[PDB]
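Notes for the structure review
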There are 2 protein chains.
Amino acid sequence: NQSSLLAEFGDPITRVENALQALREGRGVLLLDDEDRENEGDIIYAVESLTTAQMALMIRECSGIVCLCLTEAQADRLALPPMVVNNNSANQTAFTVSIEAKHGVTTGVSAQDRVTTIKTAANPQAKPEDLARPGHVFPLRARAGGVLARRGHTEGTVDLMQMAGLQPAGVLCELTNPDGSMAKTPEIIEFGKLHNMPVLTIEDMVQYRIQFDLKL
Amino acid sequence: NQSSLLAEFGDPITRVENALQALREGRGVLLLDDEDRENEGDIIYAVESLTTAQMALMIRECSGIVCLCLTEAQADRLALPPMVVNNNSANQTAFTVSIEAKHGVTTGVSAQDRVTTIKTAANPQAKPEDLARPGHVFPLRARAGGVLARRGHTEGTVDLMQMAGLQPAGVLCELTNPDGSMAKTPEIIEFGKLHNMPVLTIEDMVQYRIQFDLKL
Ligand SMILES: O=C(CO)[C@H](O)[C@H](O)COP(=O)(O)O
Ligand SMILES: O=C(CO)[C@H](O)[C@H](O)COP(=O)(O)O
Ligand SMILES: [Mn+2]
Ligand SMILES: [Mn+2]
Ligand SMILES: [Mn+2]
Ligand SMILES: [Mn+2]
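Residues numbered from 1 in each chain as written, not as in the entry; some residues may be left out. Chains lettered and ligands numbered in written order. Heavy atoms only, no water.

Think of it as a corkscrew move, a rotation about one axis and a shift along it, taking one chain copy to the other. Between chain B and chain A, which share one sequence, the superposing operator has a rotation angle of 180 degrees and an axial displacement of 0.0 Å; the RMSD is 0.0 Å. Put plainly, the chains are arranged around a two-fold axis. Across chain B, the rotation axis passes nearest the C-alpha of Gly64(B), at a separation of 1.9 Å. Both copies contact each other with a shared surface, as 100% of the interface residues of chain B are interface residues in chain A too. (Least-squares fit on C-alpha atoms. Contact = heavy atoms within 4.5 Å.)

Okay, structure coming up:
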C-alpha cells in the first residue's frame, strides 16, 4: 500500500521536513495528491532557484505542460483572470490565461524561455505588461488557506515554498512514463531515488500543517 | 544552408509529396516554418490515425504542449472562442481555450487521454459539451486560405491533411532537444531519419499550392 511504500522516505513529518530542506537547497521534490483524487506525482521546483537544467528535466520527463503556481495576490498583480469563467474541469484546476515573457524570449517554448517567463511573472515587482498573453507557461491560482482549504498540487506547491521560507511561487509538472501513461507511486519513488528528490503527499502536508499550528 | 541540408529529402515538390504520402499511411511528418520566423520544426500527425504511441512520442520528444489544429468551422462547432481577446503574442498564435474530453478520461494528461480528447474534439459530429474547459489539449484555429494566407505551422497542419485527402484536423508539437533548447534544422533532419519522418517547410507548401492551383 502507498503509505507502506513511502515508509522508506520516513514518517510523514520527516517526509515533509526533508522536502522543505531540499527546496531550501534549490533542489526539487515530488508531491503526490490523494489516491482517490488524481493519484499523480508532480515534480515541484521553487521559482527563485529555478534553472534551465531543472526546466529541461521537467520537459523531458513530465507532461511538458509546466504550470506556475502563484498566490492570488500575485495573479491579481499580473491581471491574470481565469482562463474560463465557468470552469467545468474535473478538479476545477485554476488555470489563468497562459503567458509568455514580453521581452527576453523568442518562441517561448525552450526550457530557457520558460524560465525567463516564469521568473518575469513571479517577480514581486512584476507588472501585467511584462507578460504577453497567450503563451507557453500556464499559471495556476492557489487557494487562500493552501492545502488546508484545497488538497491540490497547486496549493501544495505554494504551501511548500512558504513553509520553506521561500518566495511563494513554484512550478509543477506531472511525472509521465516513457510510454505516456502517468507515473504511479512505484515509478514516482523510483524516479525520486534516481534524481535525489524527496517524495511526500498532500496528506503529509495537511497533517504537518495541522500538527504545528502553521498558518501561512 | 537550410535548402541544401534538405536536398537529401528531395526537391520541394517531392518533399511535399512524400509528406502527404506519409500522412496517408498514418505516419508523422516534420514541418519547418520560415527561418526568419520561428525556425522551428513541429512533429505533425493526422488526427484520424492518431495513436497513443504517436502521442507518447510527441510528449517525450517535443515541448509537451500538444496542439490540435482545427478549421474555423470545427472550432466554431465546438464553441471554442480564442483564449484571449487581444492576442499580443508574437506570432498571434490562435490558441482557443484549452479542452479536455468530458467522458472517457481521468486527469487528461496521459497520452491516451490526450488522444481521447483530440478525437472527441475533432469528430465532425462533435458538440460543445463533449469537451470540458479548461484542459490539457490546446486547440488552434487555422486561418482560411491556409499557408497561402498565414505561413504558420497551424495552417501547414490543416493544409497537409486536406491536400492528403484526410479529415482536416492534425496535431503538432515542437521538437525539443534533450537539454531543452529547440531543435534546429540539423537535429530535425537527424530526428526525421531516426523515426522515418519526411521533412518539409512551409515554403515548400506555399510553392506547391501555388504551382498546382490548389484551393482547399
Ligand atoms: O492539471 C494539472 C496541471 O495542468 C495537474 O493536475 C496539477 O497538479 C493540477 O493542479 P491541482 O492538483 O491543484 O488540481
Ligand atoms: O506556439 C506553438 C504551439 O503552442 C507552435 O509555435 C506552433 O507551431 C504555433 O503555431 P504557428 O506556427 O501557426 O504560429
Ligand atoms: Mn511572488
Ligand atoms: Mn495534480
Ligand atoms: Mn473535423
Ligand atoms: Mn510554430
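This brings us to the site of ligand 1. If you check the shell around ligand 1, you find 14 residues, and the closest are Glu38(A), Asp42(A), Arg150(A), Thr154(A) and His136(B). Nearby residues around ligand 1 are contributed by chains A and B. Look at ligand 1: alone it shows 370 Å² of surface, and the protein chains cover 100% of it. Split into classes, the residues belonging to the shell around ligand 1 amount to 3 nonpolar, 6 polar and 5 charged. (Near = heavy atom within 4 Å. Areas by Shrake-Rupley, 256 points an atom, 1.4 Å probe, with all protein chains shown as cover. Nonpolar A, V, L, I, M, F, W, Y, C, P; charged D, E, K, R; others polar.)

It is worth spelling out unusual backbone geometry at this point. Here the amide bond leading from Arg133(A) into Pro134(A) is cis, since omega sits at -5 degrees, within 30 degrees of zero. Note on placement: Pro134(A) falls in strand β5 (residues 131-141). In the Ramachandran plot, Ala79(A) falls in the positive-phi region, its phi being about 55 degrees despite a non-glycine side chain. By the secondary structure assignment, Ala79(A) is in the loop between α4 (72-77) and β4 (99-101). Residue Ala79(A) is classed as partly exposed on the basis of its relative accessible area of 41%. The phi dihedral of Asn196(B) is positive, around 60 degrees, even though this residue is not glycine. Examined against the element boundaries, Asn196(B) turns out to sit in the loop between α7 (185-195) and β7 (199-201). A residue is classified by how much of its surface remains accessible, and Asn196(B), at 52% relative accessible area, is exposed. (Helix = DSSP H or I, 4+ residues; strand = E, 2+ residues; numbered from the N terminus. Buried < 20%, exposed > 50% of the residue type's maximum accessible area, 1.4 Å probe, protein only.)

Right, let's talk about the UniProt feature "binding site: D-ribulose 5-phosphate" (unreviewed entry) in chain A for a bit. Residues and elements named next belong to chain A. Per the UniProt record, the feature "binding site: D-ribulose 5-phosphate" (unreviewed entry) sits at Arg37, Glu38, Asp42, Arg150, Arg151, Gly152, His153 and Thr154. Here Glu38 is to be found in the loop between β1 (29-32) and β2 (41-46). The exposure class assigned to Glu38 is buried, which follows from its relative accessible area of 16%. When residues no more than four places from it in sequence are discounted, the contact partners of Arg151 are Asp33, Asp34, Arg37, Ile202, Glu203 and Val206. (UniProt positions renumbered as here; feature names shortened; annotations may be inferred.)

We now examine the UniProt feature "binding site: Mg(2+) 2" (unreviewed entry) in chain A. Within this numbering scheme, the UniProt entry marks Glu38(A) and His153(A) as carrying the feature "binding site: Mg(2+) 2" (unreviewed entry). Across 116 residues in sequence, these annotated residues keep their C-alpha atoms within 9.7 Å of one another, forming a single compact spot. In contact with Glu38(A), other than residues within four places in its own chain, are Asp33(A), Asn91(A), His153(A), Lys184(A) and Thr107(B).

Here, disulfide denotes a covalent bond that connects the sulfur atoms of two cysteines. Residue and element names in this part refer to chain A. Enumeration over the complete set of coordinates arrives at 0 disulfides over all chains. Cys62 takes part in no disulfide bond, and the closest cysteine sulfur, belonging to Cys173, lies 4.6 Å away. Here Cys69 is not cross-linked by a disulfide; its sulfur's nearest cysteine counterpart is in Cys67, at 6.6 Å. The class for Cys69 is buried, based on a relative accessible area of 0%. (Disulfide = S-S within 2.5 Å.)

Now for the site of ligand 2. For ligand 2, the set of nearby residues contains 14 residues, the closest of which are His136(A), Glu38(B), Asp42(B), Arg150(B) and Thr154(B). Looking at what sits near ligand 2, you find residues from chains A and B. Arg37(B) places a side-chain nitrogen or oxygen 2.9 Å from an oxygen atom of ligand 2. In this structure, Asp42(B) approaches ligand 2 through a side-chain N or O atom, which is 2.7 Å from an oxygen atom. Relative to its unbound accessible surface of 370 Å², ligand 2 loses 99% to contact with the protein. Contributions of two or more residues to the shell around ligand 2 are made by α6 (153-163) and β6 (169-174) of chain B. (Polar contact = N/O pair within 3.5 Å; in protein donor to acceptor, adjacent residues only side chain to side chain.)

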